[PDB]
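Below is one structure; the comments refer to it alone.
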Amino acid sequence: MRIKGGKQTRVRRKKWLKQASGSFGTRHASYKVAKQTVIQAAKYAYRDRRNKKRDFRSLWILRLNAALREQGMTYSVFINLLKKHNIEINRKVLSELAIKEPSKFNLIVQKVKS
Amino acid sequence: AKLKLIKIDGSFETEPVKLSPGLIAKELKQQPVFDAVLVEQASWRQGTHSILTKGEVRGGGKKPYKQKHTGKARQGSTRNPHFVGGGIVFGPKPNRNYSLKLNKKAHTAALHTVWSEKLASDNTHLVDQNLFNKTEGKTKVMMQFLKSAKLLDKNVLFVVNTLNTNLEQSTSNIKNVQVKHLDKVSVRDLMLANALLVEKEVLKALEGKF
Amino acid sequence: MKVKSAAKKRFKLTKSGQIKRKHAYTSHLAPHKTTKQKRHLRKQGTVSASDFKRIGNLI
Amino acid sequence: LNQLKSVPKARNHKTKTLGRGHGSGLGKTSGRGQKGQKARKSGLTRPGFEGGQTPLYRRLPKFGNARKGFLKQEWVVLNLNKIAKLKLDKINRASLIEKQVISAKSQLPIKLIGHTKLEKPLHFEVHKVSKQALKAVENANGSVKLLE
RNA sequence: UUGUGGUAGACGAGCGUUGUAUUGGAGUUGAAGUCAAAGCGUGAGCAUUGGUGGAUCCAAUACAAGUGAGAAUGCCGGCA
RNA sequence: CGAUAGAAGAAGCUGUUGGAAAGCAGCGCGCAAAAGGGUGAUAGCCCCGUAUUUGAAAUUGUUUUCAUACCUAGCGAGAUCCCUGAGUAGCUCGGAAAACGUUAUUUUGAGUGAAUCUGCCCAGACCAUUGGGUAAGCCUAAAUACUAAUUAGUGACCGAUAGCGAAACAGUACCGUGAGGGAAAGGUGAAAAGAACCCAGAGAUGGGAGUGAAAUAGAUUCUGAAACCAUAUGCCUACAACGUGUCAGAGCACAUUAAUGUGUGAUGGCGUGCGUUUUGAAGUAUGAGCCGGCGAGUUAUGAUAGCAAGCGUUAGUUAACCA
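Protein chains in written order, with PDB author numbering: chain p, 1 to 114; chain c, 2 to 211; chain 1, 1 to 59; chain k, 3 to 150.
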């Protein structure tokens with residue numbers, strides 16, 4: 001009983017090739033390199049799913065501090081301003097967006113002065 | 002219950018015969034039945050599958066690749082299973098066991114329970130030699146019987162002990178039905194047909210023999 | 001099935017396993033042992049659990 | 003079960019795959035260590051061989067048989083507890099063949115044994131008898147013929 | 001609630017491929033198969049449509065795999 | 001009672017598309033034969049063949065009977081009449097086979113060497129009694145395996161990488177003088193029914209034309225994948241320290257297997273391949289030019305362990321063998 005799986009093997013290799021494409025050189029035109037790049041891309045995506053939220057947090061912290069220095073206040077105390085007194089739940093990203101909102105962050109900074 | 006005979010045109014009789022309570026089994030044992038089906042299935046292997054092993058191939062025993070100064074495997078054999086020469090080192094073998102040790106009590110229990118549940122399935126139909134002799138072997142009368150029985154998607158078997166020549170001349174031009182001797186039947190073949198006609202005489206023999 | 005004669009000449013099967021064998025250090029001689037050990041090694045022995053496993057597949 | 007349906011209940015249990023990579027589990031490794039002689043094919047040194055270490059049987063004395071070259075006589079024991087399950091008198095070879103005791107195409111010497119007390123008188127035929135067995139049977143007042 | 005990191009290794013649940021008897025079906029009003037697409041599944045896979053091809057295939061249940069291909073200075077072929 | 005040329009051998013029309021119907025649908029028949037094959041796709045009614053009835057000049061296998069041979073084939077009374085397998089059995093030195101590595105048993109390369117049914121041999125040393133048989137000449141069908149094959153049938157046998165190397169003119173070619181090694185490739189079409197016509201050119205070749213259902217059917221001839229080589233829609237790049245990608249993403253061009261739509265990306269954050277051993281390689285540890293196809297834990301017997309099942313109340317089970 002001769003079992004032949006050439007068609008199934010080619011179908012498998014073809015779908016694995018179609019998983020990823022768009023590479024310079026003969027990296028997307030070779031099945032083994034294609035699957036290696038798929039593995040590396042999945043690992044990269046997981047790495048991003050962690051370090052990019054780490055980024056987003058740090059980036060908003062930096063952006064908020066940059067605006068805060070303009071009005072004459074530091075990030076370290078301003079975050080504490082909402083904490084020790086005037087206990088609010090506004091998030092740093094939404095406050096960062098509200099900085100650009102007209103006559104909005106002025107209300108925010110005058111409300112914390114209880 | 003009771004069971005009566007159907008004529009060639011589809012005229013069932015008016016005097017059926019009572020089914021004795023000694024031909025019904027209150028116990029169901031599917032595992033011996035399934036094993037009988039498997040061993041019947043384990044009879045379609047002619048053992049024709051075979052391939053040449055490492056020592057069975059007709060080729061040079063030299064080393065195609067020398068040990069050093071070659072960037073390939075050593076491989077002191079010309080033909081190998083991983084090569085494209087042909088043959089598998091183990092491959093299919095023509096000496097498979099195909100042997101299952103039987104249990105006579107289990108075999109008899111399976112046989113009797115399949116008989117009883119075929120009787121209880123109500124698909125059984127009475128038949129006798131009185132009509133087996135009245136036919137000529139032409140399947141035209143068998144065609145009338147089948148259009149009267151209106152059962153073609155299920156194989157119809159006739160457990161027989163006499164095997165009249167007229168009866169056996171049919172059941173071949175119509176691939177749907179078949180005729181089989183009482184003892185020669187098998188559980189796998191019995192459930193394959195699932196439609197069956199029984200002689201009035203063999204009921205007592207089946208009951209006594211168990 | 002063949003039975004390894006190299007071993008079975010020294011071990012005998014008993015009830016519920018517990019294969020019985022003779023104590024060593026005495027078949028050649030026991031010239032430097034105390035009578036206590038000699039009469040206590042006169043009793044026969046049984047292979048350990050791992051030894052029983054190894055004998056079982058051996059036979 | 004029919005032509006289009008042959009489902010089992012609990013059979014055809016899980017097997018092992020030794021060549022389907024690690025997405026299937028236990029591929030090239032094959033569950034046999036690494037770089038060891040026991041890892042190599044056709045390894046698994048003899049049941050009496052311990053890989054250089056002296057075999058235990060090579061360090062143990064060898065049994066001696068007084069009945070060397072000879073064998074025990076085949077006395078079939080008639081245990082009194084189980085022979086009491088079936089009820090039958092005038093016991094003989096003509097009955098033992100019917101009672102699934104002695105072979106129907108050969109002659110075999112018989113032995114009586116047991117420890118269960120009974121009282122009904124029977125008729126018994128054996129070639130060997132035990133002390134407490136004969137005591138128990140004679141308390142039953144039966145007849146035993148120690149074949150002579 | 002512990003969790004869901006965990007090699008060796010222990011253990012569990014599976015998927016598909018073919019033929020084996022099926023219940024069934026489609027097909028010169030287009031089947032297997034090929035290429036693509038901007039689907040469904042965690043995944044073994046299945047689609048669906050479009051193009052060639054003009055003649056076989058598959059859905060569901062057990063059977064067996066020369067069954068499922070990542071390396072073996074793996075084999076052959078072709079192309080650099 | 002058979003084989004080797006052979007004869008008979010039965011059951012269909014209509015409509016549709018479809019190149020072609022044989023498919024499909026409606027109305028019938030009929031099968032000892034609805035096994036098979038091919039005949040324009042999926043033909044019970046196209047055919048044979050099929051099961052069956054038969055036929056054989058001549059070779060002619062087997063069996064039975066008869067005529068003809070062949071030996072075959074009864075019970076008694078004696079007689080130590082002669083005899084019943086001679087270098088024979090044995091003994092001794094080294095062996096061989098016997099489960100045995102030499103012991104009961106056979107033989108001897110060498111030497112020696114009896115006996116006569118009363119006696120002799122055998123009864124795992126030998127011996128007493130006792131039991132069996134009388135060696136030391138020959139032969140035999142039956143149950144004995146196998147296929148170079150003649151033939152019939154079947155393949156959970158393979159389908160041009162497989163299957164004997166052997167589907168093509170394969171043991172070919174080729175190689176070593178010589179032992180020997182020993183490959184490769186099949187498929188048009190439906191019937192070549194092979195592209196008439198016309199044109200460029202020296203023709204090959206190619207193109208319109210036509211047949212052909214179809215020239216995605218043009219002889220590199222069922223189909224014709226990807227890697228590889230090119231062409232063009234758009235995107236950007238010739239100031240750029242870069243495992244060459246990921247998460248996003250302006251801008252550019254679009255509108256989909258209708259889904260926060262997609263292709264691409266100036267730039268921002270991060271951004272030293274895989275398999276194997278070594279505690280341990282980004283590894284300058286090693287293997288890989290790329291791609292496609294093949295490619296490596298199976299079989300028997302027996303046991304053990306796990307699960308399940310059957311059966312049993314002295315259990316299960318048949319080996320071998322026969323239908």
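Note that CB positions come from ideal geometry on N, CA and C, so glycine has one too.
Cα-Cα separation between residue i and residue j, rounded to whole angstroms
{"i": "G48 (chain c)", "j": "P93 (chain c)", "result": "9 Å"}
{"i": "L147 (chain c)", "j": "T125 (chain c)", "result": "15 Å"}
{"i": "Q55 (chain k)", "j": "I19 (chain 1)", "result": "22 Å"}
{"i": "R57 (chain p)", "j": "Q39 (chain k)", "result": "55 Å"}
{"i": "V33 (chain p)", "j": "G50 (chain k)", "result": "51 Å"}
{"i": "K155 (chain c)", "j": "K8 (chain c)", "result": "19 Å"}
{"i": "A2 (chain c)", "j": "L153 (chain c)", "result": "25 Å"}
{"i": "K73 (chain c)", "j": "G62 (chain c)", "result": "18 Å"}
{"i": "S32 (chain k)", "j": "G21 (chain k)", "result": "8 Å"}
{"i": "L20 (chain c)", "j": "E14 (chain c)", "result": "16 Å"}
{"i": "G53 (chain k)", "j": "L58 (chain 1)", "result": "16 Å"}
{"i": "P95 (chain c)", "j": "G56 (chain c)", "result": "16 Å"}
{"i": "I52 (chain c)", "j": "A106 (chain k)", "result": "49 Å"}
{"i": "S173 (chain c)", "j": "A194 (chain c)", "result": "15 Å"}
{"i": "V112 (chain p)", "j": "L81 (chain p)", "result": "7 Å"}
{"i": "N106 (chain p)", "j": "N90 (chain p)", "result": "15 Å"}
{"i": "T54 (chain c)", "j": "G45 (chain k)", "result": "22 Å"}
Whether residue i touches residue j by CB criterion (8 Å)
{"i": "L136 (chain k)", "j": "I93 (chain k)", "result": "no"}
{"i": "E202 (chain c)", "j": "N167 (chain c)", "result": "no"}
{"i": "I112 (chain k)", "j": "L82 (chain k)", "result": "no"}
{"i": "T47 (chain k)", "j": "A86 (chain k)", "result": "no"}
{"i": "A110 (chain c)", "j": "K185 (chain c)", "result": "no"}
{"i": "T19 (chain k)", "j": "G25 (chain k)", "result": "no"}
{"i": "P63 (chain k)", "j": "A24 (chain 1)", "result": "yes"}
{"i": "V93 (chain p)", "j": "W60 (chain p)", "result": "yes"}
{"i": "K5 (chain c)", "j": "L127 (chain c)", "result": "yes"}
{"i": "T26 (chain 1)", "j": "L41 (chain 1)", "result": "yes"}
{"i": "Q32 (chain c)", "j": "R189 (chain c)", "result": "no"}
{"i": "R50 (chain p)", "j": "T37 (chain p)", "result": "no"}
{"i": "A37 (chain c)", "j": "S187 (chain c)", "result": "yes"}
{"i": "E169 (chain c)", "j": "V180 (chain c)", "result": "yes"}
{"i": "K101 (chain k)", "j": "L88 (chain k)", "result": "yes"}
Cutoff 6 Å; reference residue i; Cβ partners in own chain excluding five residues on either side
{"i": "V160 (chain c)", "result": "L183, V199"}
{"i": "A30 (chain 1)", "result": "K38"}
{"i": "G60 (chain c)", "result": "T79, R80"}
{"i": "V142 (chain c)", "result": "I9, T136"}
{"i": "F84 (chain c)", "result": "none"}
{"i": "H85 (chain p)", "result": "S114"}
Same chain, Cβ closer than 8 Å to residue i, neighbours up to 5 away in sequence not counted
{"i": "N14 (chain k)", "result": "none"}
{"i": "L207 (chain c)", "result": "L24, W116, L183"}
{"i": "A41 (chain k)", "result": "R34, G35"}
{"i": "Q71 (chain p)", "result": "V109"}
Residues that DSSP places opposite residue i in a beta bridge
{"i": "residue 214 (chain c)", "result": "Any answer about residue 214 (chain c) is impossible in this case: the structure gives chain c only from 2 up to 211."}
{"i": "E127 (chain k)", "result": "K147 (chain k)"}
{"i": "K113 (chain k)", "result": "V79 (chain k), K130 (chain k)"}
{"i": "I7 (chain c)", "result": "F13 (chain c)"}
{"i": "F11 (chain 1)", "result": "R21 (chain 1)"}
Residues near residue i by beta carbon distance below 7 Å, same chain, minus five either side
{"i": "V139 (chain k)", "result": "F126, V146"}
{"i": "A41 (chain p)", "result": "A20"}
{"i": "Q145 (chain c)", "result": "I9, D10"}
{"i": "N165 (chain c)", "result": "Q130, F133, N134"}
* Uninterrupted beta strand (DSSP E) stretches inside the segment 136 to 193 of chain c (no shorter than 3 residues) -> List check, beta strand (DSSP E) in window: 157 to 161.
* Where are the beta strand (DSSP E) runs, 3 residues long or more, that stay fully inside the segment 26 to 77 of chain p, in chain order? -> DSSP runs (the beta strand (DSSP E)) wholly in the segment 26 to 77 of chain p: none.
* Which parts of the segment 79 to 124 of chain c are runs of the alpha helix (DSSP H), unbroken and 4 residues or longer, counting only runs that do not cross its ends? -> Correct list: 105 to 121.
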